[PDB]
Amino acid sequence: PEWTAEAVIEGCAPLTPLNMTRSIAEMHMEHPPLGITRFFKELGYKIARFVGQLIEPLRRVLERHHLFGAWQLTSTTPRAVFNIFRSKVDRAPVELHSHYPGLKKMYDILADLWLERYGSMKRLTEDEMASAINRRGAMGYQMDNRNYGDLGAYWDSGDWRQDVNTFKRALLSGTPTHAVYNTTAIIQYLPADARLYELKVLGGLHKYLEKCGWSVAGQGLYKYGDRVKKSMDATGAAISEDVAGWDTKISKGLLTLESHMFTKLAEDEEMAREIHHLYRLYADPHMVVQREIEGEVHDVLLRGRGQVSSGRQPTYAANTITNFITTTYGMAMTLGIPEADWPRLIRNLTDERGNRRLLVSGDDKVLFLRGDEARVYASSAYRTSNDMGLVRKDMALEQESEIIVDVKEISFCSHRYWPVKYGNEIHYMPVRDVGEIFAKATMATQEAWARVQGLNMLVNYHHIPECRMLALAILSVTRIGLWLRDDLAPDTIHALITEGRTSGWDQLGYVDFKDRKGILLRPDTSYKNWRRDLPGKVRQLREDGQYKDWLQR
């Protein structure tokens, strides 16, 4: 119903709403709006086998002492879909605060460092686009009638070349086609022709992130732990605070600074107008979310103001940049760093020099500081993020930050990092609750998709014994011939970790036996019987194809 006024950000082109009458009509609303949301404006509504068996003998201890989670409601009813929307998404971002000129100055600094060092940003190419799509992606309501199976099918047909140009021409006129977000359970995504356009236009942001020492873009999970140890060694204190529902809290004001920075990176004038028009869409999101009232399912069209959508490929790069800026800003403000040193500050963070480091990935971030500046930051830095509504999760509003002094306690990208011996080298490797690893590996071509999880798990989680054995069991049960290949050997793994200074199955280390507790499986009777029965269990599932014995390693 009643929105606050927007912020007036000097020096920035405003994200004026586009003419959405064409895109709204493609959704085919029938009935007037009910209006039961507190921030979103309703405009109208219309009437609507391999990994699992391999881990089944471990399922009971995984449900009881770990986060396997058989408590998945499977089908999210339309009533539950709307309930999640109303509690998590239907909340007004904080638009009015006094930090935009400071934040803008830092967006400008980062943009200038990037142009100075690496030049202007280009649209993605077809091969760069081809390597980045989720071929399993959905088509969207506005394009189901064209009958493609998914994104990969619609990509292979080459029909996207004309839809993307059609989408681009409609967007640049001010009256876009296919501009209304679809939702699933809340994941928000535009139709597939819109997603290839925004991937082509903004996909280059990832390239800059590959050059920044405070980003992990284009690095394997196996590289993260040493980066955490490296940053911790140069500082000694870390602050890792998650924000509750980060996507839902980004303001239209911050999106304006995002658009302003990205247009500044555009190589030509037209590309800048494309980026700007994409953000006119983003800051004025229209989406269709299901409800259920009196046994009747509705598709509900709702209008919001400037949040961040789940299923846009640029979101990761965009969230990563904005999380870095806002964190460095609040940090610089709290520590009293003068504006004149802000260029050196961003430069140093990018180059990993000095005694302050950041690691940022999406809404996930770790701030590294010396002991004295950590205490200063911990006592008051929350005041600035609270002004912008970036409220920290599971903490009281004004609780002082927890200061981490043990590198094994630093959580980042949902993992902690422990030292694992590789020959005479030590490298920090990821650990999380093995229920979560196993849950992803089995839910989150079925024999084809299973063999990827086995290849994934062996490279990334070989130091967790149960993860190596499930990986070797997956590889023994999936058939041959369906960076990591059928010929995946330790030499491939040692090159990723130690650049080939180690070799052989013998030099792939494990975690200490004492720490195989808590998040990892305690080696108990259920574990021993799983291991004892594992070779017998790989033989009963094998069918038809040719196979190799892996558990012997």
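We number the residues from 1 along the sequence you see.
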{"property": "Residues with no coordinates between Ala185 and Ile186, taken from the deposited sequence as a class", "result": "10 or more"}
{"property": "Unmodelled stretch of the deposited sequence separating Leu482 from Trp483, binned as none, 1 to 3, 4 to 9 or 10 or more", "result": "10 or more"}
{"property": "Segment of higher mean CA temperature factor, 150 to 158 or 86 to 94", "result": "150 to 158"}
{"property": "Selected stretch [higher average CA B-factor]: 420 to 428 or 283 to 291", "result": "420 to 428"}
{"property": "From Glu258, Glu447, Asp341, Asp193, residue of greatest CA B-factor", "result": "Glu447"}
{"property": "Residue selected from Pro314, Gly140, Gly213, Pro176 by maximal Cα B factor", "result": "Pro314"}
{"property": "Modelled-residue ranking by C-alpha temperature factor, third containing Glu267", "result": "highest"}
{"property": "Position of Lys440 among the chain's modelled residues by C-alpha B-factor, lowest, middle or highest third", "result": "highest"}
{"property": "Chain-wide C-alpha B factor ranking for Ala132, given as lowest, middle or highest third", "result": "highest"}
{"property": "Relative C-alpha B-factor of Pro17, binned into the chain's lowest, middle or highest third", "result": "middle"}
{"property": "Record-listed C-alpha B factor of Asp406: chain third", "result": "middle"}
